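Peer 1: Next up is a structure, given as structure tokens.
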Amino acid sequence: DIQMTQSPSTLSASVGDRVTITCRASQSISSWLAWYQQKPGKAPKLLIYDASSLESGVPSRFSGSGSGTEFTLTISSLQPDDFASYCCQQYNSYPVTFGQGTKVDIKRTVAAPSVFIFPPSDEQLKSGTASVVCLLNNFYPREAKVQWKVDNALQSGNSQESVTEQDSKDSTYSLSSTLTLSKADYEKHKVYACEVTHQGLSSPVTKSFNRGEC
Amino acid sequence: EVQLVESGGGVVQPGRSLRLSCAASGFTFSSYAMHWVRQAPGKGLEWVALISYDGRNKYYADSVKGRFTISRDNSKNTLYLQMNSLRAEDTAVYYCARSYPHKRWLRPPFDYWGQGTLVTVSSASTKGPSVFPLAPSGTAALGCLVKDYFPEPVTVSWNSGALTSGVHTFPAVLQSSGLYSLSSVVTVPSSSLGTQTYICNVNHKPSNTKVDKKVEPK
């Protein structure tokens, strides 16, 4: 199957900006390439086919270009309806294939996260399990690193995180990270810390608690 | 007013079956080749299968050949996908899509799609969540941890829907065990703690579990 590689994975833009998304093909697909718009919970939408032809009624601020192996979708005067994801598709050869998608989110000024740490509840420790939660609240841009430390020991492989969609009114994100340890190992150590690095912080912020003696 | 509406998605265990439907309206369904396309969590769209206008020619992706069958009922304007021997990696949103009119039906663009239907294949069994407080410890944050449930989804409200501003309910993550875990948080004025009571209302309808957990300062 022909492999389609889209770039970049995400980009931020303001209303009125000119936005360019590229898609490359592992072998030339001549001009047999389509572009779609995807929004959460809605039907994918055909914008452009045959590399450059706009579907009927599609706004003329969308354009498509390229031939052979490299292809371009340009949104010239981006409007609020255009914040969405976009994917290319080749139909040169039989198994049609798609790129991974590109998400376009709303640009705003940098906003540092407010960080909160939550120890496990005593009711959970009863179960035999310890979940420690770190909350990064209302930040921008989306890129953030959460680093768990247990008595200064760097943790790895025992945490998971999820991020909200961009907030409608203030265009920020929030992030939740959960560190999971056994109740036995939670009771072996004292200080649990989440260290957050982000553009809104001149230096990484650490929030911590001391398990006992509190 | 072209519309495609997929249905039949659900949660099953590996090896089992699911039949997907797509009801088409607003065009002469029987004159168009139709396709199924799927999108797995965090992956790109993947073509699955196609069927000619008269149902005489059918083609399948290598990953589903011999396990899926595409079919159509032109008198009912409906397209079908019957799956058996389902696998975890078959988990995806499944889309019905129309072949671009005068383009080769074997390799076309797709000019109309449905909203999709979600298929989840997992060896996990139905289980209600445990709800644990994230106790607040001039702005204060607090929340509820909704741990170890299956399948999606759960809904979380605060104060029976009276509390909306500053609430963030995060997407669930799938744990090593195969169970989901979710957190829901809210920021409130530090000075309000003790004055307002804060209750996460948790509902997991697949297990008929409804939990109201009150969050206190420690």
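Here, A, B, ... name the chains of the structure tokens in the order displayed, residue numbers run from 1 inside each chain, and ligands are numbered from 1 in the same displayed order.
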Find the residues of chain A in contact range of chain B, meaning any atom within 8 Å when counting only C-alpha atoms, and list them as number ranges by chain.
Peer 2: A: 33-34, 41-46, 49, 89-101, 116, 118-121, 123-124, 160-164, 174-176
Peer 1: Got a sec: who's within 12 Å of residue A:165, counting only C-alpha atoms, leaving out chain neighbours fewer than 6 positions off, as a VMD selection string?
Peer 2: (chain A and resid 39 to 40 84 103 to 106 138 to 142 171 to 175) or (chain B and resid 168 to 171)
Peer 1: Kindly save the residues from that selection, with N, CA and C atoms included, as a short mmCIF file (atom, residue, chain, number, x, y, z; two decimals), in the first residue's frame.
Peer 2:
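Once everything was written out, this is out_39.cif:
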```cif
data_model
loop_
_atom_site.label_atom_id
_atom_site.label_comp_id
_atom_site.auth_asym_id
_atom_site.auth_seq_id
_atom_site.Cartn_x
_atom_site.Cartn_y
_atom_site.Cartn_z
N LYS A 39 -14.06 17.14 12.25
CA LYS A 39 -14.39 17.72 13.54
C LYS A 39 -14.94 16.65 14.46
N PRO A 40 -14.77 16.79 15.77
CA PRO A 40 -15.20 15.73 16.70
C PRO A 40 -16.70 15.49 16.60
N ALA A 84 -10.13 22.63 13.18
CA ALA A 84 -10.55 21.26 12.91
C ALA A 84 -9.31 20.43 12.61
N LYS A 103 -4.14 18.61 13.17
CA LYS A 103 -5.07 19.40 13.97
C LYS A 103 -4.67 20.87 13.96
N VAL A 104 -5.64 21.76 13.73
CA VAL A 104 -5.44 23.20 13.75
C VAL A 104 -6.22 23.76 14.95
N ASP A 105 -5.51 24.24 15.97
CA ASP A 105 -6.14 24.82 17.15
C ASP A 105 -5.98 26.34 17.17
N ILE A 106 -6.67 26.96 18.12
CA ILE A 106 -6.77 28.41 18.19
C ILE A 106 -5.52 28.96 18.87
N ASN A 138 -5.48 24.96 32.83
CA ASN A 138 -5.72 26.15 32.00
C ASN A 138 -4.42 26.78 31.48
N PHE A 139 -3.71 26.02 30.66
CA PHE A 139 -2.45 26.48 30.08
C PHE A 139 -2.54 26.53 28.56
N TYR A 140 -1.56 27.22 27.96
CA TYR A 140 -1.36 27.28 26.51
C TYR A 140 0.08 27.67 26.24
N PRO A 141 0.76 27.05 25.25
CA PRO A 141 0.24 26.05 24.31
C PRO A 141 0.07 24.66 24.90
N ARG A 142 -0.34 23.71 24.05
CA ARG A 142 -0.67 22.36 24.52
C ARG A 142 0.55 21.61 25.04
N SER A 171 -9.55 29.29 25.41
CA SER A 171 -8.64 28.68 24.45
C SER A 171 -7.46 27.97 25.11
N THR A 172 -7.59 27.61 26.39
CA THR A 172 -6.55 26.88 27.10
C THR A 172 -6.86 25.39 27.13
N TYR A 173 -5.89 24.65 27.65
CA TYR A 173 -5.97 23.22 27.88
C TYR A 173 -5.79 22.97 29.36
N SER A 174 -6.20 21.79 29.81
CA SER A 174 -5.81 21.29 31.12
C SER A 174 -5.39 19.84 30.96
N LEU A 175 -4.57 19.39 31.90
CA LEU A 175 -3.94 18.08 31.78
C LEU A 175 -4.01 17.40 33.13
N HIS B 168 -13.37 20.50 34.71
CA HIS B 168 -12.70 19.79 33.63
C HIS B 168 -12.85 18.31 33.92
N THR B 169 -13.56 17.61 33.04
CA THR B 169 -13.65 16.16 33.09
C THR B 169 -12.76 15.64 31.98
N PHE B 170 -11.74 14.89 32.36
CA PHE B 170 -10.73 14.53 31.39
C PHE B 170 -11.15 13.29 30.59
N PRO B 171 -10.65 13.15 29.36
CA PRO B 171 -10.82 11.88 28.64
C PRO B 171 -10.27 10.74 29.48
#
```
Peer 1: Taking into account only C-alpha atoms, which residue in the set A:113, A:68, A:157, A:128 is nearest to residue A:196?
Peer 2: A:113
Peer 1: Using only C-alpha atoms, determine which residues lie at most 8 Å from residue A:24, disregarding the query and same-chain residues fewer than 3 positions distant; provide the list as a PyMOL selection string.
Peer 2: chain A and resi 4-6+69-71
Peer 1: Name the residues of stretch 1-160 of chain B that come out as strand (DSSP E or B) in a backbone DSSP run; write them as a PyMOL selection string.
Peer 2: chain B and resi 3-7+11-12+18-25+34-39+45-51+58-60+68-73+78-83+92-99+110-113+117-121+127+130-134+139-150+155-158
